[PDB]
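In structure tokens, the next block holds one chain alone, the form solved without the ligand.
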């Protein structure tokens, strides 16, 4: 089967490690959630096409500007992650992550992924954000950002509840297949 490469980028604690773990295991880890993700090669069948999707994370690389780009060679799709409970992580998308992803991966499709969508109705999250004069990322703010950065699309998921996780990785496979 055809082999495609995926790299997930985004600020630290934007849920990117959790997202890769929950998809590569097919559930939220009941006993222990690992701290790190090594790599994974998923066998995905999307729209009748069989693909080998190699998964890679950039967690731990966020402060090392010369090490981090070594993750980019031959990437076919980028999941550009942000957390819906962290409006500040969305502000770092167009001026930090997008210029870098477009410089090292020109023509590579980017999916803007809003993680932790379950925290949109979490009372503790809304209270913590209200103290810092903020609120959880509204769905139209994510769509407006994806539109502004020329992303292939906008998607939302929750690694805690597993809602939307399968759709994100099937869509990333379709985006990687387009040439």
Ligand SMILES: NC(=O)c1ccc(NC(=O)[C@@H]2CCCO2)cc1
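Between two forms, the rigid core is defined as the largest C-alpha subset superposing within 1.5 Å. Numbering follows the first chain given and starts at 1. Residues that one form lacks are left out of the comparison.
Below, we turn to the form deposited with the ligand bound, even though it does not appear here.
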Partner proximity in the entry with it bound: residue 129 to the ligand, non-hydrogen atom cutoff 4.5 Å: no
Partner contact for residue 155 in the entry with it bound: the ligand, 4.5 angstroms, heavy atom: no
In the entry with it bound, residues of 103-128 near the ligand [heavy atom within 4.5 Å]: none
Rigid-core fit between this form and the one not shown, the member of 35, 27, 50, 147 whose C-alpha shifts 2 angstroms or more: 27
Consecutive-residue runs (3+) with Cα displacement of 2 Å or more between this form and the one not shown, core aligned: 26-28
